[PDB]
Structure formats: C-alpha cells, structure tokens
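Both blocks below hold the same protein chain, though in two forms, and each is given as structure tokens: structure 1 and structure 2.
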Structure 1
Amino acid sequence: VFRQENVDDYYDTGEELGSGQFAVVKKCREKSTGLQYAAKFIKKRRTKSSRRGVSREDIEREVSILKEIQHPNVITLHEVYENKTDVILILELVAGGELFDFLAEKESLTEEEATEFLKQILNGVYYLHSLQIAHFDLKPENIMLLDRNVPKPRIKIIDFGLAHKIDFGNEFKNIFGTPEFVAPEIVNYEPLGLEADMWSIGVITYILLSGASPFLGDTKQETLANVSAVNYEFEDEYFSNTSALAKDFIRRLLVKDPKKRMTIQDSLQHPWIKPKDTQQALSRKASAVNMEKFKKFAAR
C-alpha cells in the first residue's frame, strides 16, 4: 500500500517528458515547497490475464529498490502514490539529457576527459553492487545528466524497471533487455548476477571511444549470435588512435565466462582508470576519442 491521496492535491503537473510502453512521465511542481520533480505514471495491470499494464510484483520490486538507494550518481525517489489505475512515482528531475548527446557537441575529447565521465558511471555501479543490486539495463539512453550547463556535469543513472536484488540462495534466470547491450548469460538463459552490468559497461566504453556498436548485426538474431559467440573486433577505421590501455579495459569486460569477467572493484583499479605512472597518464592525455564517427552514432 502507497499514498492514497490524489497526486493533484500536492502537485501541479505540467508537460510530457517521454513515454515507454506502460508509462508516461510528466514534469511537476510540489505545492508546499515549489521544488520541481517528475511524475512517472505506471499503468497497473488489472487482471492477471492481461498483457497491458505492469504486474504489482514488478512495480513493488522497482519501488523497493528505488527506496533503498541514495547516491549522487543514481536517481532519487521522492514519493509514491497510487489510485485505481496507476502507481505514480515522484522522481528526481533529470534535466540535462543523454550523456552521449552532450558529448557529441564538443570539438573533441581526450581519453582522459572521457574517463572522468565514465568514472561517474563506475561510481554509481560500485555503489549499486555494494548493495547487491544489478541494474540489468545499462545502455547509453539510461545514462543522463542532472544539469548540462555547468563546469563539471553530474551523471545520473536512471531506469530501474529491470533491476534485481541478487539473493545468495537462488538462481535468477531470464531473457529481457536490448540485444545490442545484454551479456551472453542473458541471451542464453543462464544464471545472472552482477557480472551482466560489467559486460554492459564494456559495450558502453567501446561505443564511447569509436562510435561503433561492437555486436550490432544486420538483424536482431545476428546481433544475438554475435553476443553469444563474443564476436567483436577493434577495426582500425574506428580504433586506430585508441590506446593499448583502453583496449585492455574493454577486453577484460567483454568476456564470456562471467566468473572471469572484471568486477566493479577491479575496474576502479584498472590502470586505464587509475594510471600507475607517467607513461600510462601520458598516453591517456595523448589519445583521442574518434569524434567524427562518434558524432555520427549519437546522430542516428
């Protein structure tokens, strides 16, 4: 059971900010404080038999995950309402748009500058994993900015509709997510855990440095074969001004066996992320993101 009052008693709701299949997001303003939020209206599935709406079980999972988390790089739940047909999540307002679109507006980006945005994603996932929460849905459109018009912008990780508590005593298996971004164990209906987020971080980093999707094929089913076999390459047309350390980073994340894939702790320590000496910090300032190609990717 959630707040029963009419959301309109405490909030002035405004214009639409987007819409998944089962949700509408509007801008809103809390009457008692004048602060701005965003109200996500999730459609309740009313009859078990129905394909429309979201089950109570899926909403309660999202909400109790969201209630549980408090960190500068993940989105904050303010408050939760419900009525006959919806569950209404009052969420923090993330106004800066997708990180990839903002990066596409620069004249260039060194591997050094890129690592500073990526450190923010790494910190968010670090916090999550330390609470045994797997996001299960990391992809660029879920990496946002609080505010784009400031010196050093803050990354916000959004969208917990797929997130789960990993419980030590029981396998979790499922197929879900976007084919280009999901790990092999997801594709193959094998046991899942925190390692899937690590594979998605690999896919994101690859795209950030090159503007190419590592596993994207000509049809959905080709993309899945690509993922499952770990069929990827660093082709020179894309990666020829990309350092050895960045390549090694991606390679330790894009790995079929999840027990052998890098952990979140391991990756905060990797020498691409934390240089150990002058040669390593040099060649990271010296290396550039492939900007011409990258811009094209955020353009599609």
Structure 2
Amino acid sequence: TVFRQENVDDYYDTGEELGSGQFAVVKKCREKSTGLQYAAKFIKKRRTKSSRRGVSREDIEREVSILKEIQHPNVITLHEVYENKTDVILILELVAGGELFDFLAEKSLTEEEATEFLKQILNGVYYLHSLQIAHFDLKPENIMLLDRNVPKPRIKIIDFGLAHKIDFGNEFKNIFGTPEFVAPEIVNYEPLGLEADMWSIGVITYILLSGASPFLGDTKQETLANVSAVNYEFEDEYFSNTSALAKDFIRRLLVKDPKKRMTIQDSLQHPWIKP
C-alpha cells in the first residue's frame, strides 16, 4: 500500500517536538486548510533490504493498517499518512498533556487516582482486544494525557509499532518490547496473544500504586530473568496501606500461564474495578 506523496510541508506547519524514538521523531503540527492541530510522526524508511537502520515497509504498513481501524476516546487516532523516499509521516491525533510516565514522576497515587487511569486504559484495551488487536508495548511512556492540569486526566493509548492482529488466538513473530513490562511468553519467545497486554497492565498497576517497578533488576537481562521466574512481591513499605483487593487485581494479572491470566473482560468484572 502506498501513501500520499505530496510534500507534507505544503499542507502542514510543524512546531514543537513532542516525542522521539529510535527511528522516529514526533512533532506538533497545524493543518493549513483547517487550523486544526495534530502530531506528525516521521518514521525513517529502510534504505536497503537487509539493513537495520530504519523501519521495514511491512512493519510500517501493519502499523498503519491497525491505526486506521481505531476510533475510540482512549486510543490515539490516525488522521492522514504521507511518505517520501526517506520517511513515512503519520498525521496523528494531538495529545498535549505528556506521558503518564512523567506525570507519575511529578508525584504515587491513591487507589482512586490509580483506578481513574486504569479504567480508561482497560476500556481502551477492551476496545483493542475486541478487534483482536494486541498492542504489545503497553507501559507508562505509551499512555498520554490530554491535559495534566485537571483532577481526573483523560488518557489515550499510543505507539502501535509492535501491535499485531491476532486472527488465530496467537502470533509467533519477532516481537519484543521493554523488559520491565513484557510478559514471560515474550521473554521465552513463546506464541503470543492478547494475554501479553494483560500482564503489562498488572505491571503498570503495580507501578501506579507503589511508584516501584516489580521486576526491575540492575540490568536488562536480570529484569527478563525476573519476569520469566515471576520474581516479584508486594513490599510492605509500599503496599501496607493499599487494599488487599488491589493486590488481588495485580496478582491475578502477574500470572506466568497466559491461560490462567485474567482477560480484559475479567479485569473489568473484578471487584476492585467493577461498580
């Protein structure tokens, strides 16, 4: 599939930088014809077949195809796609309140503040999983707030660079995100399904409540070793005044066997979550 090959600067003015990754930069922009504002992601294309600098077109097309499916308040939307010889440029929905990650660093949350975020994340993931879409890169850096200066911030899930459709209950591709948040099946190179995101959600919830990362070791390999061995515990110093029901929620997500792990529908019916 090809995209719009006009010069993006003919239609948009860029401004402040919003995000920056391995082969991509995200820039605030304004569409000339409407005055409406967006976030433009410039993804570097592969220049040769066997290269490792830039993103394969197969991966770019998978990501664009998944993004075009999305219309939900808790998930980022895609407006347009441009390309040239060097880049594919995604015109994405603008979210101006920064990462949940940096929001958390400004402060630990109460359980209520924790669940106001979590409920939105869960609703977003419920939408995604209903479309059989596995995100595979859920973490606080990939959760963006619309406005961080409100009591109950609204969030959107971003970064579908590792996302895959799961038409057969499981996928077996080259998939590997951030060690602190990846499920054991990812660490062990097993077939992956929607269950992996649920594990990530348990890690996120642990972090929201405690301000601590449950599997983090002194190095990437140690973290992965801890993940596979399910080497985590609720430290009394962090959780002594956290409800046992919140611990139950997390404990039912941080399960090694994906088949025994809570599904997104289960997580929504959990007493800690359910009204």
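Residues that one form lacks are left out of the comparison. Rigid core here is just the name for the largest C-alpha set that superposes within 1.5 Å across the two forms. Residue 1 is the first residue of structure 1, and the numbers go on in sequence order from there.
Of the residues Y81, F136, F100, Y127, just one CA atom moves 2 angstroms or more between structure 1 and structure 2 under rigid-core superposition; it belongs to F100. When two forms of a protein are overlaid on their rigid core, residues whose CA moves 2 Å or more are considered shifted, and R148 is one of them between structure 1 and structure 2.
Once the rigid core is used as the reference frame, the Cα position of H71 differs between structure 1 and structure 2 by less than 2 Å. Positional change of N188 between structure 1 and structure 2 stays under 2 Å at the C-alpha, relative to the superposed core. Here the two forms are laid over each other by their core, and the C-alpha of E237 is off by 1.1 Å between structure 1 and structure 2. Summarising the core-aligned comparison between structure 1 and structure 2, the C-alpha atom of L35 is found to shift 0.5 Å. For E171, the Cα shift between structure 1 and structure 2 is 3.9 Å when the rigid core is held fixed in the overlay. Taking a Cα shift of 2 Å or more after superposition on the rigid core as the cut-off, the stretches of three or more consecutive residues that move between structure 1 and structure 2 are 15-18, 99-106, 108-110, 112-114, 147-153, 169-171, 173-175.
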